[PDB]
Amino acid sequence: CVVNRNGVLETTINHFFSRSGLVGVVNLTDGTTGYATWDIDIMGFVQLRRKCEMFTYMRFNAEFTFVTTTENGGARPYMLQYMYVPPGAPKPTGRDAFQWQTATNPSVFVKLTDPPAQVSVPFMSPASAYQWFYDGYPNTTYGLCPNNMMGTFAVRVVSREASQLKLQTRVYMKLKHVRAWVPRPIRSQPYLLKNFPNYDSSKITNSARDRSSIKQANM
Amino acid sequence: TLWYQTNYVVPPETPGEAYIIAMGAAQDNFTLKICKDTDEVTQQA
Amino acid sequence: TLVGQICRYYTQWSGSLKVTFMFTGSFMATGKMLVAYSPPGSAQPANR
Amino acid sequence: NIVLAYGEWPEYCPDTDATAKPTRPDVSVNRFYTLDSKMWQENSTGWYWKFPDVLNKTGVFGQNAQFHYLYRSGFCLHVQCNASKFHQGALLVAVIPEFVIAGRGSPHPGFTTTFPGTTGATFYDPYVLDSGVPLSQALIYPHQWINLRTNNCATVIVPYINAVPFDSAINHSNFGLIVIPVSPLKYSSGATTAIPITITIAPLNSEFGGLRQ
Amino acid sequence: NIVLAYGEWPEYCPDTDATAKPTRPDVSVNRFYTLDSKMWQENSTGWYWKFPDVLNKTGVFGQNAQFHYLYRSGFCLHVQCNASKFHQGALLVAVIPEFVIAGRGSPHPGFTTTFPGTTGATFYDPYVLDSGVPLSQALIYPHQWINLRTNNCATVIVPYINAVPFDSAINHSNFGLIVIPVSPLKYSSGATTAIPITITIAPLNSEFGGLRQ
Amino acid sequence: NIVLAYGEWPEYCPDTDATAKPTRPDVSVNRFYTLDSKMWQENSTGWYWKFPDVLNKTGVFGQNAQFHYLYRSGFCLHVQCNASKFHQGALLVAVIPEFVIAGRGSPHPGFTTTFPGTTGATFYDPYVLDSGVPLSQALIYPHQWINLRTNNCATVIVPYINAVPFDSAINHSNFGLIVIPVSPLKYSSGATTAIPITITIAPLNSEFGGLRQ
């Protein structure tokens, strides 16, 4: 049916990560803490995890988007605050502590009725590139790399009055200028821990379903 | 398919069984198209 | 195989494939085999 | 014949920074070390090692990886096995960077599980490489077949694959060497049961910098 | 005299892709096939065929359209009829691409309704061409009048009109050939009742690729 | 290596008469056919075939020798056998023109006695070749020894040896191929009993003329 060829603009490594997807969900619920912290990690869902572990050294910028609703849907006007913590500074503890007025933490003030906010993050590691595998020791100290710390966000509503909102905030992620170095095969076994490749060897899934015999090509 | 043309001939004192592995790859004019997210991995988070 | 994995992405595909076999027997033995391909219109062959 | 990994021919420092300095050892360290030889049987399952961890506490090179904390080298693996023409079965030589033993049973692995020493460790799940990765896809890596009817050597040259251009030689581990029997071994009765496998390792362009004690 | 459809003069492949290969048959297949001749009467209503479906199970060309699944050709229809100078009435020769029999009665059509075989099928609604299309507008197509007082031949050359540059020759169907008597036939009594209509088909530049069985 | 019968290198027609015409088939018919492989044992006695009778009802060449009644070709026999170095015995490959099975018992032979089909027939009197001709004198013909300690192939090229420069391909038979085990086969116990023998046939410069049906 198909006799012609196709192009090579779409099989490239820059386009293979280029489109954006969901990575996280946070909840505020100010009535009662009043804020929500969230770490920067691309190992949130298994769909993006299975792609990005096809390599071992990557180097890439990023850009995010915060899209918020209320619980019912009616978006009354307010004013939020999306902060950012470079890795090394202490995270916030209460909603009114002195870690919300520093000058090292870039803040982004956006209302609710406005279209969603957008902000980019440069490459932030002391190494030449990230690693997704680190064999050695810097039992629980095994495989914990000190070179993936990227930061937090610490969403906080801005008031004096402790408003009664109940919000939900999504984080989308896009990658740019991706350069990947060395390949490795795709993981087949499912996941158990967030940061360890353990696989529950009591039962092993196969890579192909069975069939009748070896002499029948019709499956 | 894979047919037999002549039965497997051993000398004496040799085990008369063997194995044949199969390898596969693609040539140079192999092209792709519209991206689509996968199906084999099932769960989430 | 790998080329059976990345094609679970990328909805359409086309090209040519090669298939390589190799053998794991003793040095003394000798036997002939027949490696036949069938065109994709019809079913598998029945006899030699 | 030989298989050169990724096309490199490993070289010295590319005029790096924070060296005024780093020493270049003589041919007292460029000699062919020979590790011990295992035994491969009908029901054996596999082996692996770590680098540069199996060369520690050994020779002149042991007396530099424990008194320097900056390190860079490249290796020349030379796997060889010896068997007569009445045996069969096929090995598999693969040199994988960043080799992580995962751990099993739904529980972190121990010390000697992940750092074997000179006598290399064995597998338990050769089908999934103890990392949840199928062996069917496992030939992206630099590989070279040892097939007991054709050839008996497999020479692999490995450059220095690392993110930071100088790392330590005690805690970190650059890569590993797996040897997996894909075919089972069968043989007619009366002959020798065990067939040995020996290794040979020689450093290429090792540098050192920064001294301790 | 002759009518060339759309101004093409059909040619071979335009250096297509996924051919290293495709064979070009000799003059064993370039011969004038002659289908059967119908009979046209006072109360007859029409005929049609399909291509390349009426050439299957016939001749050398039948032994290539059922053992190849890539196909490309162009045809040379040569319609001729014979009648004396005491008869009257006018035919209509039209070569329509993508000819679809719809179906009637407010109910899909059958197998032999849409693939007739060598003996062509008849109409039921010649006024609307069995597709809801009026015959008054039906001369956009390549057409050529057979008028029984002036001429007795109608030569149409058809190129390969298709979207994909290679399609199959069993399931798909390129075009069809309708012959509709617009005028009724009348004649004075005593003479011959039936007047025949014969066809002649010859392939031009047929290619084939990909073999079965 | 190869043995060329009588020094010919077979060619096309020498501008023959009563051809205006005769077709020259493409490489659809110039492919290596492979007949079935027999089994040779301790008490086996011989085999033979006929040409061009074993190639009928087979392939593309079967679809030309039964729809043409003028024929001319030359063949390239490639006999090969496979056996390990612990067996012994010697074959004999001979290509004899005008091979006649006589018949025994003081009584003409049957149909399948003289036209075997694809599965070749066996002898009953290997000492006198079933024609009253001793095997001691039987090496005037193009012959080539298969000897199981030295070589394992025997390549014979045969030109078109015939009186009339065009004969039929159904009734007449050009030549035959005998394979006679001169030495008996012995082997030490425990090894394989049967040793196969396979053939390979490829036409060189086949012509055809005159069509049926």
# chains A, B, ... in the order shown; residues from 1 in each chain; ligands from 1
call {"tool": "interface_residues", "arguments": {"of": "chain E", "to": "chain C", "cutoff": "12 Å", "atoms": "only C-alpha atoms", "output": "number ranges by chain"}}
result
E: 17-20, 66-70, 168, 170, 209-213
call {"tool": "write_last_selection", "arguments": {"atoms": "N, CA, C and O atoms", "output": "mmCIF file, in the first residue's frame"}}
result
data_model
loop_
_atom_site.group_PDB
_atom_site.id
_atom_site.type_symbol
_atom_site.label_atom_id
_atom_site.label_comp_id
_atom_site.auth_asym_id
_atom_site.auth_seq_id
_atom_site.Cartn_x
_atom_site.Cartn_y
_atom_site.Cartn_z
ATOM 1 N N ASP E 17 10.299 4.755 -5.486
ATOM 2 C CA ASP E 17 11.042 4.261 -4.344
ATOM 3 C C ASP E 17 10.595 2.831 -4.039
ATOM 4 O O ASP E 17 9.603 2.342 -4.582
ATOM 5 N N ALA E 18 11.367 2.161 -3.170
ATOM 6 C CA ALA E 18 11.168 0.764 -2.758
ATOM 7 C C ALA E 18 11.167 -0.189 -3.949
ATOM 8 O O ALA E 18 10.402 -1.154 -3.991
ATOM 9 N N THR E 19 12.006 0.103 -4.941
ATOM 10 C CA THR E 19 12.345 -0.827 -6.017
ATOM 11 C C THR E 19 13.869 -0.835 -6.082
ATOM 12 O O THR E 19 14.460 -0.074 -6.854
ATOM 13 N N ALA E 20 14.477 -1.693 -5.255
ATOM 14 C CA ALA E 20 15.930 -1.829 -5.075
ATOM 15 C C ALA E 20 16.624 -0.505 -4.760
ATOM 16 O O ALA E 20 16.020 0.408 -4.200
ATOM 17 N N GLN E 66 -2.774 -12.310 -10.649
ATOM 18 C CA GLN E 66 -3.062 -13.133 -9.488
ATOM 19 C C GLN E 66 -1.812 -13.736 -8.872
ATOM 20 O O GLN E 66 -1.920 -14.619 -8.015
ATOM 21 N N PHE E 67 -0.632 -13.300 -9.297
ATOM 22 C CA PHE E 67 0.614 -13.695 -8.660
ATOM 23 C C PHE E 67 1.526 -12.490 -8.504
ATOM 24 O O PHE E 67 2.744 -12.627 -8.384
ATOM 25 N N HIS E 68 0.937 -11.302 -8.522
ATOM 26 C CA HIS E 68 1.627 -10.071 -8.185
ATOM 27 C C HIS E 68 0.654 -9.185 -7.434
ATOM 28 O O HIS E 68 -0.542 -9.181 -7.730
ATOM 29 N N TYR E 69 1.161 -8.452 -6.450
ATOM 30 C CA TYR E 69 0.331 -7.563 -5.654
ATOM 31 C C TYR E 69 0.794 -6.118 -5.751
ATOM 32 O O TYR E 69 0.453 -5.300 -4.896
ATOM 33 N N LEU E 70 1.571 -5.793 -6.776
ATOM 34 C CA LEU E 70 1.791 -4.418 -7.191
ATOM 35 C C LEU E 70 1.557 -4.336 -8.688
ATOM 36 O O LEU E 70 2.025 -5.191 -9.442
ATOM 37 N N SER E 168 -3.077 -2.711 -5.979
ATOM 38 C CA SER E 168 -3.293 -4.106 -6.312
ATOM 39 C C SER E 168 -4.259 -4.221 -7.479
ATOM 40 O O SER E 168 -4.876 -3.241 -7.897
ATOM 41 N N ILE E 170 -6.662 -6.914 -7.691
ATOM 42 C CA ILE E 170 -7.727 -7.839 -7.340
ATOM 43 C C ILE E 170 -8.833 -7.140 -6.567
ATOM 44 O O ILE E 170 -10.007 -7.235 -6.921
ATOM 45 N N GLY E 209 5.321 -6.012 -9.949
ATOM 46 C CA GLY E 209 6.343 -6.097 -8.925
ATOM 47 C C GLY E 209 5.889 -6.889 -7.718
ATOM 48 O O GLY E 209 4.736 -6.775 -7.302
ATOM 49 N N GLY E 210 6.769 -7.721 -7.169
ATOM 50 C CA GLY E 210 6.433 -8.473 -5.974
ATOM 51 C C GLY E 210 5.703 -9.747 -6.332
ATOM 52 O O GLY E 210 4.646 -9.687 -6.961
ATOM 53 N N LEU E 211 6.230 -10.899 -5.938
ATOM 54 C CA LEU E 211 5.721 -12.171 -6.422
ATOM 55 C C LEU E 211 5.091 -12.964 -5.286
ATOM 56 O O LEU E 211 5.528 -12.891 -4.136
ATOM 57 N N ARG E 212 4.055 -13.722 -5.625
ATOM 58 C CA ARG E 212 3.379 -14.606 -4.692
ATOM 59 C C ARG E 212 3.479 -16.043 -5.177
ATOM 60 O O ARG E 212 3.542 -16.301 -6.382
ATOM 61 N N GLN E 213 3.497 -16.965 -4.215
ATOM 62 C CA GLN E 213 3.475 -18.416 -4.433
ATOM 63 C C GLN E 213 4.565 -18.957 -5.359
ATOM 64 O O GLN E 213 5.578 -18.304 -5.593
#
call {"tool": "residues_around", "arguments": {"residues": "range 90-93 of chain E", "least_positions_apart": "4", "cutoff": "7 Å", "atoms": "only C-alpha atoms", "output": "list in words"}}
result
residues 143, 144, 145, 146, 147, 148, 178, 179, 180, 181, 182 and 183 of chain E
call {"tool": "select_by_dssp", "arguments": {"residues": "chain C", "states": "strand (DSSP E or B)", "output": "ChimeraX atom specification"}}
result
/C:13-14,17-23,30,33-35
call {"tool": "residues_around", "arguments": {"residues": "range 34-37 of chain B", "least_positions_apart": "6", "cutoff": "12 Å", "atoms": "only C-alpha atoms", "output": "number ranges by chain"}}
result
A: 6-12, 15-19, 21, 46-48, 50-51; C: 5-13
call {"tool": "write_last_selection", "arguments": {"atoms": "C-alpha atoms", "output": "PDB file, in the first residue's frame"}}
result
ATOM      1  CA  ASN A   6       9.281   9.517   4.542  1.00  0.00           C
ATOM      2  CA  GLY A   7      11.433  12.185   6.164  1.00  0.00           C
ATOM      3  CA  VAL A   8      14.063  12.238   8.884  1.00  0.00           C
ATOM      4  CA  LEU A   9      12.954  15.461  10.564  1.00  0.00           C
ATOM      5  CA  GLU A  10      10.875  13.583  13.142  1.00  0.00           C
ATOM      6  CA  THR A  11      13.153  10.708  14.192  1.00  0.00           C
ATOM      7  CA  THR A  12      15.777  13.103  15.564  1.00  0.00           C
ATOM      8  CA  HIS A  15      12.033  16.186  18.436  1.00  0.00           C
ATOM      9  CA  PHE A  16      11.883  12.981  20.483  1.00  0.00           C
ATOM     10  CA  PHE A  17      11.499  14.972  23.726  1.00  0.00           C
ATOM     11  CA  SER A  18      10.111  18.216  22.346  1.00  0.00           C
ATOM     12  CA  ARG A  19       6.410  18.000  23.076  1.00  0.00           C
ATOM     13  CA  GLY A  21       3.375  16.710  29.141  1.00  0.00           C
ATOM     14  CA  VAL A  46       6.379   6.096  34.279  1.00  0.00           C
ATOM     15  CA  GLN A  47       5.679   7.311  30.754  1.00  0.00           C
ATOM     16  CA  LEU A  48       8.393   9.960  30.832  1.00  0.00           C
ATOM     17  CA  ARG A  50      10.728   4.916  30.477  1.00  0.00           C
ATOM     18  CA  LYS A  51      11.794   7.270  27.687  1.00  0.00           C
TER      19      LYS A  51
ATOM     20  CA  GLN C   5      10.068  -1.641  20.599  1.00  0.00           C
ATOM     21  CA  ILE C   6      10.565   1.784  19.001  1.00  0.00           C
ATOM     22  CA  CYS C   7       7.933   0.844  16.426  1.00  0.00           C
ATOM     23  CA  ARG C   8       5.421   0.801  19.270  1.00  0.00           C
ATOM     24  CA  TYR C   9       5.907   4.527  19.027  1.00  0.00           C
ATOM     25  CA  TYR C  10       5.756   6.118  15.550  1.00  0.00           C
ATOM     26  CA  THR C  11       2.340   5.023  14.172  1.00  0.00           C
ATOM     27  CA  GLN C  12       3.477   4.252  10.609  1.00  0.00           C
ATOM     28  CA  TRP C  13       6.780   2.835   9.398  1.00  0.00           C
TER      29      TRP C  13
END
call {"tool": "closest_residue", "arguments": {"among": "E:56, E:41, E:63, E:114", "to": "chain F", "atoms": "only C-alpha atoms"}}
result
E:63
call {"tool": "closest_atom_pairs", "arguments": {"of": "chain B", "to": "chain C", "cutoff": "7 Å", "atoms": "only C-alpha atoms", "output": "CSV"}}
result
residue,atom,partner,partner_atom,distance
B:1,CA,C:36,CA,5.5
B:2,CA,C:35,CA,4.9
B:3,CA,C:34,CA,5.1
B:4,CA,C:33,CA,5.3
B:5,CA,C:33,CA,5.4
B:6,CA,C:32,CA,5.7
B:7,CA,C:31,CA,6.5
B:8,CA,C:31,CA,5.1
B:9,CA,C:30,CA,5.8
B:10,CA,C:29,CA,4.9
B:11,CA,C:29,CA,6.9
B:18,CA,C:25,CA,5.3
B:19,CA,C:24,CA,5.7
B:20,CA,C:23,CA,5.0
B:21,CA,C:22,CA,6.0
B:22,CA,C:21,CA,4.8
B:23,CA,C:20,CA,4.9
B:24,CA,C:19,CA,4.7
B:25,CA,C:18,CA,6.0
B:26,CA,C:17,CA,4.4
B:27,CA,C:16,CA,5.4
B:29,CA,C:15,CA,5.3
B:30,CA,C:15,CA,4.0
B:31,CA,C:14,CA,5.6
B:32,CA,C:13,CA,4.6
B:33,CA,C:10,CA,5.4
B:34,CA,C:10,CA,5.3
B:35,CA,C:10,CA,4.5
B:36,CA,C:9,CA,5.1
B:37,CA,C:9,CA,5.9
B:38,CA,C:9,CA,5.7
call {"tool": "write_last_selection", "arguments": {"atoms": "N, CA, C and O atoms", "output": "compact mmCIF listing (two decimals), in the first residue's frame"}}
result
# COMPACT_ATOMS: atom_id res chain seq x y z
N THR B 1 10.44 -19.36 6.78
CA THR B 1 10.43 -20.73 7.28
C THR B 1 11.87 -21.22 7.38
O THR B 1 12.81 -20.50 7.05
N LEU B 2 12.03 -22.47 7.81
CA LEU B 2 13.36 -23.05 7.96
C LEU B 2 13.24 -24.56 7.83
O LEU B 2 12.87 -25.23 8.80
N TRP B 3 13.57 -25.09 6.66
CA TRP B 3 13.37 -26.50 6.34
C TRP B 3 14.65 -27.30 6.58
O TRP B 3 15.74 -26.75 6.70
N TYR B 4 14.48 -28.62 6.64
CA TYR B 4 15.61 -29.54 6.69
C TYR B 4 15.93 -30.03 5.29
O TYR B 4 15.05 -30.52 4.58
N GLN B 5 17.20 -29.95 4.91
CA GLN B 5 17.60 -30.52 3.64
C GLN B 5 18.29 -31.86 3.82
O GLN B 5 18.13 -32.76 3.00
N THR B 6 19.04 -32.01 4.91
CA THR B 6 19.71 -33.26 5.23
C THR B 6 19.77 -33.35 6.75
O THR B 6 19.98 -32.34 7.42
N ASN B 7 19.53 -34.55 7.28
CA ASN B 7 19.59 -34.78 8.72
C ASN B 7 20.97 -34.47 9.28
O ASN B 7 21.99 -34.56 8.59
N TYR B 8 20.99 -34.08 10.55
CA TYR B 8 22.20 -33.56 11.19
C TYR B 8 23.17 -34.70 11.45
O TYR B 8 22.87 -35.63 12.20
N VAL B 9 24.34 -34.63 10.82
CA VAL B 9 25.31 -35.73 10.81
C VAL B 9 26.42 -35.42 11.79
O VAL B 9 27.16 -34.45 11.62
N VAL B 10 26.55 -36.27 12.80
CA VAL B 10 27.60 -36.14 13.81
C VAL B 10 28.66 -37.21 13.54
O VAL B 10 28.39 -38.17 12.82
N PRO B 11 29.86 -37.08 14.08
CA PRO B 11 30.73 -38.23 14.22
C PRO B 11 30.36 -38.98 15.48
O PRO B 11 29.55 -38.47 16.27
N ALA B 18 21.94 -29.26 18.81
CA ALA B 18 22.56 -27.95 18.71
C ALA B 18 21.46 -26.90 18.81
O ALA B 18 20.28 -27.22 18.88
N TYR B 19 21.87 -25.64 18.81
CA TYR B 19 20.93 -24.55 18.89
C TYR B 19 21.28 -23.52 17.83
O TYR B 19 22.45 -23.34 17.50
N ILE B 20 20.26 -22.86 17.30
CA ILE B 20 20.43 -21.81 16.31
C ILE B 20 19.72 -20.58 16.83
O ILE B 20 18.50 -20.60 17.02
N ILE B 21 20.47 -19.51 17.03
CA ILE B 21 19.90 -18.26 17.48
C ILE B 21 19.56 -17.44 16.25
O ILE B 21 20.05 -17.69 15.15
N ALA B 22 18.70 -16.45 16.42
CA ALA B 22 18.24 -15.63 15.31
C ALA B 22 18.41 -14.16 15.65
O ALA B 22 18.03 -13.73 16.74
N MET B 23 18.97 -13.40 14.72
CA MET B 23 19.28 -12.00 14.94
C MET B 23 18.57 -11.15 13.89
O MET B 23 18.34 -11.59 12.77
N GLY B 24 18.24 -9.92 14.27
CA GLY B 24 17.47 -9.06 13.39
C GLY B 24 17.78 -7.60 13.63
O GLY B 24 18.13 -7.20 14.74
N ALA B 25 17.63 -6.80 12.58
CA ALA B 25 17.91 -5.38 12.61
C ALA B 25 17.15 -4.73 11.46
O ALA B 25 16.25 -5.34 10.88
N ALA B 26 17.51 -3.49 11.12
CA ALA B 26 16.89 -2.80 10.00
C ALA B 26 17.95 -2.23 9.07
O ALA B 26 19.08 -1.95 9.48
N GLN B 27 17.56 -2.04 7.82
CA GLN B 27 18.45 -1.46 6.82
C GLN B 27 18.41 0.06 6.89
O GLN B 27 17.88 0.65 7.83
N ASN B 29 17.10 2.40 4.70
CA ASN B 29 15.97 3.18 4.20
C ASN B 29 14.75 3.05 5.09
O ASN B 29 13.62 3.04 4.61
N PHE B 30 14.97 2.94 6.40
CA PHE B 30 13.90 2.70 7.35
C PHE B 30 13.42 4.03 7.91
O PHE B 30 14.20 4.76 8.53
N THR B 31 12.16 4.37 7.67
CA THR B 31 11.62 5.68 8.02
C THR B 31 10.46 5.54 8.99
O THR B 31 9.85 4.48 9.13
N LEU B 32 10.14 6.64 9.67
CA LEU B 32 9.05 6.67 10.63
C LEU B 32 8.15 7.86 10.35
O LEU B 32 8.33 8.59 9.37
N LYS B 33 7.16 8.07 11.23
CA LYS B 33 6.12 9.05 10.99
C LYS B 33 5.60 9.54 12.35
O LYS B 33 6.39 9.58 13.29
N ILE B 34 4.34 9.99 12.42
CA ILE B 34 3.64 10.58 13.56
C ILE B 34 3.90 9.87 14.89
O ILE B 34 3.72 8.65 14.99
N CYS B 35 4.31 10.63 15.91
CA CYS B 35 4.59 10.07 17.22
C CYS B 35 3.31 9.61 17.91
O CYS B 35 2.22 10.11 17.65
N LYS B 36 3.47 8.66 18.82
CA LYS B 36 2.36 8.10 19.57
C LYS B 36 2.92 7.50 20.85
O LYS B 36 3.92 6.79 20.80
N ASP B 37 2.27 7.77 21.97
CA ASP B 37 2.73 7.23 23.23
C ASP B 37 2.42 5.74 23.31
O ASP B 37 1.53 5.22 22.64
N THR B 38 3.19 5.05 24.15
CA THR B 38 3.30 3.60 24.07
C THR B 38 2.16 2.91 24.79
O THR B 38 1.24 3.53 25.31
call {"tool": "residues_around", "arguments": {"residues": "residue 128 in chain F", "least_positions_apart": "2", "cutoff": "12 Å", "atoms": "only C-alpha atoms", "output": "VMD selection string"}}
result
chain F and resid 101 to 104 123 to 126 130 to 138 180
call {"tool": "closest_atom_pairs", "arguments": {"of": "chain F", "to": "chain B", "cutoff": "8 Å", "atoms": "only C-alpha atoms", "output": "Markdown table"}}
result
| residue | atom | partner | partner_atom | distance |
| --- | --- | --- | --- | --- |
| F:36 | CA | B:5 | CA | 7.7 |
| F:37 | CA | B:6 | CA | 6.9 |
| F:83 | CA | B:9 | CA | 6.9 |
| F:84 | CA | B:11 | CA | 6.1 |
| F:85 | CA | B:11 | CA | 7.5 |
| F:86 | CA | B:11 | CA | 6.3 |
| F:188 | CA | B:12 | CA | 7.5 |
| F:189 | CA | B:12 | CA | 7.1 |
| F:190 | CA | B:12 | CA | 5.0 |
| F:191 | CA | B:12 | CA | 3.8 |
| F:192 | CA | B:9 | CA | 5.9 |
| F:195 | CA | B:9 | CA | 7.2 |
| F:196 | CA | B:6 | CA | 6.0 |
call {"tool": "residues_around", "arguments": {"residues": "residue 207 in chain F", "least_positions_apart": "5", "cutoff": "10 Å", "atoms": "only C-alpha atoms", "output": "PyMOL selection string"}}
result
chain F and resi 12-13+22-25+64+70-74+166
call {"tool": "write_last_selection", "arguments": {"atoms": "N, CA, C and O atoms", "output": "compact mmCIF listing (two decimals), in the first residue's frame"}}
result
# COMPACT_ATOMS: atom_id res chain seq x y z
N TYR F 12 23.88 -20.72 -28.33
CA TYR F 12 22.53 -20.59 -28.85
C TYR F 12 22.41 -21.29 -30.20
O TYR F 12 23.25 -22.10 -30.59
N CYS F 13 21.33 -20.99 -30.92
CA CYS F 13 21.11 -21.57 -32.24
C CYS F 13 22.15 -21.05 -33.23
O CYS F 13 22.56 -19.89 -33.15
N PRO F 22 12.33 -17.84 -32.04
CA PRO F 22 12.33 -18.61 -30.78
C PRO F 22 12.74 -17.75 -29.60
O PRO F 22 13.72 -17.00 -29.64
N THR F 23 11.96 -17.86 -28.53
CA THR F 23 12.13 -17.00 -27.37
C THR F 23 13.35 -17.40 -26.55
O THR F 23 13.83 -18.53 -26.62
N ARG F 24 13.85 -16.43 -25.79
CA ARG F 24 14.99 -16.64 -24.89
C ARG F 24 14.52 -16.19 -23.52
O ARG F 24 14.38 -14.97 -23.29
N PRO F 25 14.24 -17.10 -22.60
CA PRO F 25 13.68 -16.71 -21.30
C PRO F 25 14.68 -15.97 -20.43
O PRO F 25 15.90 -16.11 -20.56
N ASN F 64 7.02 -24.29 -19.17
CA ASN F 64 7.44 -24.07 -20.55
C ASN F 64 7.74 -25.35 -21.30
O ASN F 64 7.65 -25.35 -22.53
N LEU F 70 9.30 -27.47 -29.12
CA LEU F 70 10.68 -27.39 -29.57
C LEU F 70 11.52 -26.92 -28.40
O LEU F 70 11.15 -25.98 -27.70
N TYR F 71 12.68 -27.55 -28.21
CA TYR F 71 13.42 -27.39 -26.97
C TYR F 71 14.90 -27.55 -27.23
O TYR F 71 15.31 -28.35 -28.07
N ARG F 72 15.70 -26.79 -26.48
CA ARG F 72 17.16 -26.88 -26.53
C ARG F 72 17.74 -26.19 -25.31
O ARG F 72 17.43 -25.02 -25.07
N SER F 73 18.58 -26.90 -24.56
CA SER F 73 19.20 -26.32 -23.38
C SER F 73 20.46 -27.07 -23.01
O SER F 73 20.76 -28.14 -23.55
N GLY F 74 21.19 -26.50 -22.06
CA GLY F 74 22.34 -27.16 -21.47
C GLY F 74 22.34 -26.95 -19.97
O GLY F 74 21.91 -25.91 -19.47
N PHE F 166 16.62 -29.49 -32.79
CA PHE F 166 15.52 -29.17 -31.89
C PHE F 166 14.70 -30.43 -31.69
O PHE F 166 14.15 -30.96 -32.66
call {"tool": "interface_residues", "arguments": {"of": "chain A", "to": "chain D", "cutoff": "10 Å", "atoms": "only C-alpha atoms", "output": "JSON, numbers by chain"}}
result
{"A": [56, 57, 126, 127, 128, 129, 130, 131, 132, 133, 134, 135, 136, 137, 138, 139, 140, 141, 142, 143, 182, 183, 184, 185, 186, 187, 188, 189, 190, 191, 192, 193, 196, 197, 198, 199, 200, 201, 202, 203, 204, 206, 207]}
call {"tool": "write_last_selection", "arguments": {"atoms": "C-alpha atoms", "output": "CSV table (one decimal), in the first residue's frame"}}
result
chain,number,residue,atom,x,y,z
A,56,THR,CA,22.8,7.8,30.5
A,57,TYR,CA,24.1,11.4,30.1
A,126,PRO,CA,28.3,21.1,38.8
A,127,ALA,CA,29.0,18.1,36.6
A,128,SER,CA,29.2,18.4,32.8
A,129,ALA,CA,25.9,16.6,32.4
A,130,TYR,CA,23.3,14.8,34.5
A,131,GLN,CA,23.5,11.1,35.3
A,132,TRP,CA,20.7,8.6,35.6
A,133,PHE,CA,22.9,5.8,37.0
A,134,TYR,CA,25.6,6.2,39.6
A,135,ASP,CA,27.4,3.1,40.8
A,136,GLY,CA,29.0,3.4,44.2
A,137,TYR,CA,28.8,5.4,47.4
A,138,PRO,CA,29.1,9.2,48.0
A,139,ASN,CA,23.0,0.6,52.9
A,140,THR,CA,20.7,3.6,52.3
A,141,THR,CA,23.6,5.8,50.9
A,142,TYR,CA,23.7,3.6,47.8
A,143,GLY,CA,22.9,5.2,44.5
A,182,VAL,CA,25.3,6.9,25.2
A,183,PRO,CA,22.5,4.4,24.7
A,184,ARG,CA,21.1,1.5,26.8
A,185,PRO,CA,18.2,-0.9,26.4
A,186,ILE,CA,14.6,-0.2,27.4
A,187,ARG,CA,13.4,-1.5,30.8
A,188,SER,CA,10.8,-4.3,30.6
A,189,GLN,CA,10.1,-5.1,34.2
A,190,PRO,CA,7.6,-2.8,36.1
A,191,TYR,CA,8.6,-0.4,38.8
A,192,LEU,CA,8.5,-0.7,42.5
A,193,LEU,CA,10.6,2.1,44.1
A,196,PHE,CA,15.8,2.1,42.7
A,197,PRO,CA,15.6,-0.5,39.9
A,198,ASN,CA,14.2,-3.3,42.1
A,199,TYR,CA,12.0,-5.7,40.3
A,200,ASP,CA,10.4,-8.4,42.6
A,201,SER,CA,12.1,-11.6,41.3
A,202,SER,CA,9.5,-13.9,42.8
A,203,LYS,CA,7.6,-13.4,39.5
A,204,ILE,CA,9.0,-12.3,36.2
A,206,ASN,CA,7.9,-12.3,29.9
A,207,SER,CA,8.6,-10.2,26.8
call {"tool": "residues_around", "arguments": {"residues": "range 118-120 of chain A", "least_positions_apart": "5", "cutoff": "12 Å", "atoms": "only C-alpha atoms", "output": "ChimeraX atom specification"}}
result
/A:60-67,82-84,106-110,153,171-176
call {"tool": "atom_distance", "arguments": {"atom1": "CA of residue 49 in chain E", "atom2": "CA of residue 2 in chain A"}}
result
27.8 Å
call {"tool": "residues_around", "arguments": {"residues": "residue 142 in chain E", "least_positions_apart": "5", "cutoff": "7 Å", "atoms": "only C-alpha atoms", "output": "ChimeraX atom specification"}}
result
/E:5,94-95
call {"tool": "select_by_dssp", "arguments": {"residues": "range 5-177 of chain E", "states": "helix (DSSP H, G or I)", "output": "PyMOL selection string"}}
result
chain E and resi 59-65+111-114+135-137
call {"tool": "atom_distance", "arguments": {"atom1": "CA of residue 27 in chain A", "atom2": "CA of residue 102 in chain A"}}
result
24.1 Å
